[PDB]
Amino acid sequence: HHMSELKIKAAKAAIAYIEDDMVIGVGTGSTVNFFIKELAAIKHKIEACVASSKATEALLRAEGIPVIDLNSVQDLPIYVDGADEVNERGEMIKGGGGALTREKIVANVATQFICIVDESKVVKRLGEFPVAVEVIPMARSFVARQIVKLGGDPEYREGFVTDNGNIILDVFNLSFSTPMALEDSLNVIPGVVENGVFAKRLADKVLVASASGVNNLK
């Protein structure tokens, strides 16, 4: 079973939750990109999409799917996105692809967050995959010092700039004993724009694809 095939199964399983005339928030990454291909097939049935990254926006426009600005939306019934790690509670680590900031923003406007993953993203405990932290560029060294004080090990993602013009520190070895408190503790640091811990905005449903099929972990 190709990894591609599991991602396709999970993508198609999210399609079943799309109702006519919805505005659809779309996440980022390779699993989401198979979902974009599924959305193209039913794009006459929906109104528009909100894009969590410029890459996602380009892919949606290439399919002829209308894209609209989040500020022109107050009611977003569904957000579909992948994750780097997800557990049965629906807590996630996101940001491997560097889009965690707009991802968290769209996810917070959306009523229902559908997380689509193959089985390798499911973990019993969060924390092995690093936490991407988006940082104002001139604050890089200061923020890294503050993260070390929190017991994290930050690694600058060389050469990468986010959609928002910032850099990423990928942080290893943080404690996830209290993940909501951890998510806040990063964000209150001057120069931190956002971080990849999704503990305050959980996935409402977690669709996990394996060889047997797609399982609603949540």
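One rule holds for the numbers: they count along the sequence shown, beginning at 1.
Original post:
Which has higher Cα B-factors on average according to the PDB entry: 122-130 or 138-146?
Top reply: It is 122-130.
**OP:** Between 42-50 and 26-34, point out the one with the higher average CA B-factor as the PDB entry records it.
**Re:** Result: 42-50.
Original post:
residue 152: which third of its chain by C-alpha temperature factor?
Top reply: According to the entry, residue 152 has a C-alpha B-factor in the chain's highest third.
Original post:
Mind checking which third residue 75 falls in for C-alpha B-factor across the chain?
Top reply: Highest third.
Original post:
Would the CA B-factor of residue 87 place it in the lowest, middle or highest third of its chain?
Top reply: Residue 87: CA B-factor falls in the highest third of its chain.
**OP:** Looking at the entry's B-factor column for C-alpha atoms only, identify whether residue 170 ranks in the lowest, middle or highest third of its chain.
**Re:** Lowest third.
**OP:** Going by the recorded CA B-factors, say which third of the chain residue 159 sits in, lowest, middle or highest.
**Re:** Top third by C-alpha B-factor.
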